[PDB]
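Engineer: Protein chains in written order, with the entry's author numbering: chain V, 348 to 438; chain H, 288 to 375.
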Amino acid sequence: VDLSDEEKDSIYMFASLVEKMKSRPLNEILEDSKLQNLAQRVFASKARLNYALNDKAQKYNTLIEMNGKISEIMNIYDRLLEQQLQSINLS
Amino acid sequence: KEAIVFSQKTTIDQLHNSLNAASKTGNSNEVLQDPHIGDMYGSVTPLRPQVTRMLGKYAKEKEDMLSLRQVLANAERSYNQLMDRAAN
């Protein structure tokens with residue numbers, strides 16, 4: 348539901364590290380551990396990230412939507428109170 | 288506390304629809320008056336701030352996750368490329 352900084356830090360970490368490895372004299376020379384145990388964590392983290400991301404989007408919309416209605420409410424109520432007061436004025 | 292607002296999810300709809308029904312009748316006064324409408328307004332109207340706040344928050348967060356996912360998206364690709372040369 349919410350990604351932690353530790354998870355987030357493993358991403359730029361992994362990302363960056365992947366480059367320090369992009370061109371090294373072997374693949375196994377990297378597939379020793381730190382890369383593989385890191386990758387493992389990062390990859391698993393895709394599911395939480397999305398789950399977390401989706402939840403943020405969803406809410407936002409539910410909230411955009413609510414706001415919209417709220418505006419329209421505080422928009423009609425005025426247009427109505429406006430004419431209403433004008434009628435009184437026109438007397 | 289976020290719930291304080293997501294709860295009103297229905298009062299909003301309700302007040303909306305009823306006020307809406309009105310704006311297409313010009314009965315003005317009726318709806319303008321009526322304690323219930325006042326009541327729903329009296330509880331919805333004040334959510335503007337909280338709602339305004341929450342918008343920015345989730346607005347941000349969503350922005351972040353997308354950027355992070357983009358980064359992960361790339362590293363993966365790189366990883367996989369580097370990995371391909373590990374097949375053969």
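No residue lacks a Cβ here, since even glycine has one placed at the ideal position from N, Cα and C.
Taking the alpha-carbon positions, what's the V/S370 to H/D371 distance?
Structural biologist: 13 Å
Engineer: When you compare the region 357-366 of chain V with the region 323-339 of chain H, are there three or more beta-carbon pairs, one atom per stretch, that lie closer than 8 Å?
Structural biologist: no
Engineer: Looking at chain H, which residues of the region 408-428 of chain V have a Cβ within less than 8 Å of any of its Cβ atoms?
Structural biologist: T409, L410, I411, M413, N414, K416, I417, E419, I420, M421, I423, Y424, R426, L427, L428
Engineer: Helix, strand or coil: which one does DSSP assign to H/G329?
Structural biologist: helix
Engineer: If you reduce the DSSP assignment to three classes, tell me which class H/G343 lands in.
Structural biologist: helix
Engineer: Would you check if there are 3 or more beta carbon pairs closer than 8 Å linking the region 334-344 of chain H to the region 358-371 of chain H?
Structural biologist: no
Engineer: Which residue from H/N316, H/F293, H/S365, H/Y328 puts its Cα closest to that of H/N304?
Structural biologist: H/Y328
Engineer: Could you tell me which chain V residues have their CB closer than 9 Å to the CB of H/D326, listed as they occur along the chain?
Structural biologist: Going along chain V, no residue has its Cβ under 9 Å from H/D326, so there is no contact; the nearest lies around 13 Å.
Engineer: Under 8 Å, Cβ to Cβ, is there at least one residue of chain H near V/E366?
Structural biologist: yes
Engineer: With a Cβ-Cβ cutoff of 8 Å, do H/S310 and V/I423 count as a contact?
Structural biologist: yes
Engineer: Is it buried or exposed for V/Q383, if we count other Cβ within 10 angstroms and need 16 for buried?
Structural biologist: Per the 10 Å Cβ criterion, exposed.
Engineer: For the alpha helix (DSSP H) that residue 295 of chain V lies in, which residues bound it at each end?
Structural biologist: There is no way to answer for residue 295 of chain V, as the model of chain V reaches only from 348 to 438.
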